[PDB]
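Within every chain, numbering begins at 1; the chains are lettered A, B, ... in the order of the sequence lines, protein sequences first and strands thereafter. Hydrogens, waters and symmetry mates play no part in the numbers below; they use all other heavy atoms, side chains included.
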There are 2 protein chains.
Amino acid sequence: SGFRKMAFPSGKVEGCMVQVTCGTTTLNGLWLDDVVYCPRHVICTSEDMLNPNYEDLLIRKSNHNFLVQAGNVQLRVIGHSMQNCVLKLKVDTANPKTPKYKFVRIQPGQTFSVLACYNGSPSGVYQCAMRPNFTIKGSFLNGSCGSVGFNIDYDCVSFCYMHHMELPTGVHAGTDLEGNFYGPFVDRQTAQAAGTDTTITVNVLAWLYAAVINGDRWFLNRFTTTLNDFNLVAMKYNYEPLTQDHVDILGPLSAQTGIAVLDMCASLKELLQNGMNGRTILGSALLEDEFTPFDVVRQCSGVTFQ
Amino acid sequence: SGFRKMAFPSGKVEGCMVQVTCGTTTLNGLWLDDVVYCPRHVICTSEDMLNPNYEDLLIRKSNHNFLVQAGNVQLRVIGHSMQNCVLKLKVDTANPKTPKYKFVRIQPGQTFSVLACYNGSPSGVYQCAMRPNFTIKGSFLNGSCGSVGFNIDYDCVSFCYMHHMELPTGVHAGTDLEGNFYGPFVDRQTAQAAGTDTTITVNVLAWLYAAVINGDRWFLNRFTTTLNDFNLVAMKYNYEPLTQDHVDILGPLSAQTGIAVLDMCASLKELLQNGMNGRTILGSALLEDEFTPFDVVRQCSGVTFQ
Ligand SMILES: O=C(Cc1cccc(Cl)c1)Nc1cncc2ccccc12
Ligand SMILES: O=C(Cc1cccc(Cl)c1)Nc1cncc2ccccc12
């Protein structure tokens with residue numbers, strides 16, 4: 001029993017991290033096969049970041065301007081191109097530790113593990129969720145740019161996030177591995193606004209099911225509710241509206257606990273209106289939305305990977 | 001900026017996990033050099049666990065009774081011995097992926113990463129703390145026995161914990177890598193009581209310093225206090241007493257924030273007496289004690305490892 005914010009094992013990703021240097025700037029890159037992926041603003045100086053013309057800047061760079069180190073093994077850049085907001089440095093040596101991998105663009109509310117890196121070397125691993133406003137609430141210092149987010153599906157590493165910037169508000173923004181930002185952000189040092197952040201309701205419900213699995217049942221209500229009446233309460237409290245697809249996803253958790261999804265929603269409705277009154281659920285005094293229904297099934301059933 | 005419950009990268013440990021089978025029982029083992037370490041109750045059946053005589057049980061087992069698999073590579077057991085509560089299975093093949101490692105016995109209040117495993121295969125990684133009553137509040141299912149806790153000190157993996165059992169109360173107990181239990185527990189299926197659990201005060205203070213580093217300063221008091229007057233308040237609320245060694249450890253955090261340790265204690269005193277009044281600190285509505293002063297310095301300065 002028990003429940004923890006659990007990350008994926010990072011071994012397969014550690015052997016793909018390299019440091020990329022272009023002039024004075026050094027950040028992390030992802031070395032898969034004979035291509036190194038990294039944020040394109042590595043070609044910028046501190047002055048260029050206020051209003052960078054990436055095409056013009058990249059023209060003044062040639063293959064020998066980029067320095068890729070994989071520990072004490074230096075790679076030679078043989079070609080370079082710009083795909084959206086990432087640079088693709090084609091190198092001579094293919095990574096011998098390349099795992100079976102895939103590039104994926106996740107949807108808001110999904111979770112993934114982050115391997116925070118500095119100078120190409122891993123520092124730590126943690127789990128987080130893509131917020132509905134396409135930011136993440138991470139833990140990043142200067143030089144962490146190019147650190148990647150990922151999931152593991154059996155033997156396959158699914159890369160879904162590359163870190164690019166910290167907003168003036170202290171939250172974090174990045175791209176998929178094809179260089180398309182999550183959200184409306186641009187890789188430029190200017191004031192940028194993230195939308196209103198909401199709570200991922202389907203995740204909160206999954207977490208309440210995890211609490212029931214672990215013996216925390218005090219919030220279980222003697223009432224029920226309707227999908228429309230719940231959504232009317234949820235939207236007052238800045239919660240994501242619940243759809244039928246969400247009910248379908250929670251089905252397995254309903255069957256294991258014998259508690260119908262709508263009855264769980266009624267318990268959530270009371271928690272929203274009356275608070276938690278100094279009590280706790282699974283050790284927390286707040287409603288938690290960083291666990292997807294699949295995360296809960298994974299942890300409470302013991303799924304492993306290669 | 002930002003702050004997350006961050007685990008160590010697990011790659012060095014993943015290549016050491018193997019599955020150990022003795023008769024019907026299968027659990028995880030740790031393969032370092034030509035020795036496999038695992039909980040000794042792998043030699044028990046479900047009936048033996050109520051009152052096991054481990055010496056008599058081990059006598060009825062020979063080297064060929066143990067089946068060690070490292071993926072699809074079967075190891076041959078050439079010798080076996082019992083060191084306290086762990087079994088040491090000497091095998092023919094030395095682990096080629098053996099990292100520079102060390103066996104350490106941590107003290108209560110220290111933190112470490114857990115690589116939860118099933119059938120010798122990693123499932124996930126999370127960070128936790130050794131409680132003052134020598135339990136851990138983990139996330140473990142049946143068959144996770146033999147999963148290890150560890151820290152990384154540059155290139156050296158420091159193994160400090162091997163998981164053995166879940167108590168009837170739902171918390172977890174285990175040994176160091178020499179087989180000595182943390183706490184007063186025995187590897188037997190009987191009702192066992194853990195002591196009163198207290199809060200690790202030096203950790204709570206480190207976390208408040210992390211909050212100040214990250215812009216959360218509302219709890220900062222216009223008062224001060226004495227070490228004795230604080231300890232008198234802390235012991236009422238089941239907090240560990242603060243000593244001068246704790247003040248010395250927090251010194252670097254004091255210098256970076258310009259807030260003296262005793263002034264921070266005064267802020268903590270008010271939080272204990274008046275609660276948090278629906279507010280939050282670093283995203284939490286409770287005082288957090290699973291971050292050591294070194295954890296905070298590591299995360300807020302960006303320490304990396306090989
Ligand atoms: O924000 C940047 C650089 C940048 C600036 C503007 C635009 C773009 Cl694209 C990138 N780096 C950082 C990323 N994470 C965390 C950081 C913490 C402290 C300082 C910088 C941090
Ligand atoms: O508790 C045991 C076996 C055991 C029993 C008595 C004494 C000893 Cl030494 C070991 N296994 C488990 C360890 N962690 C988590 C578990 C979750 C569910 C079931 C068993 C779990």
What part of [X] is in contact with chain B, defined as an atom under 4.5 angstrom from a non-hydrogen atom: side chain, backbone, both or neither?
X: A/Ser144; answer: neither
X: A/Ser301; answer: backbone
X: A/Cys128; answer: both

Under 4.5 Å from a heavy atom of chain A, the part of [X] involved:
X: B/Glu14; result: side chain
X: B/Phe305; result: both
X: B/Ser113; result: neither
X: B/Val125; result: both

Any donor-acceptor pair under 3.5 Å from A/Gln299 side chain to B/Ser139 backbone: no
(message) Is it the case that the side chain of A/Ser121 and the backbone of B/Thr304 share a donor-acceptor pair, with hydrogens and angles ignored and the cut-off at 3.5 Å?
(response) no
CD1 of A/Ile136 to CZ of B/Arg4, rounded to nearest 0.5 Å, is 8.0 Å
To the nearest 0.5 Å, atom CZ of A/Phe140 lies from atom OG of B/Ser1 at 10.5 Å
Highest number of heavy-atom pairs under 4.5 Å with chain A among B/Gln306, B/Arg298, B/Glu290 belongs to B/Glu290
Here the ring-ring contact (aromatic ring centres under 6.0 Å, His included) pairs for residues 108-133 of chain B, sequence neighbours left out, are B/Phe112-B/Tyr161
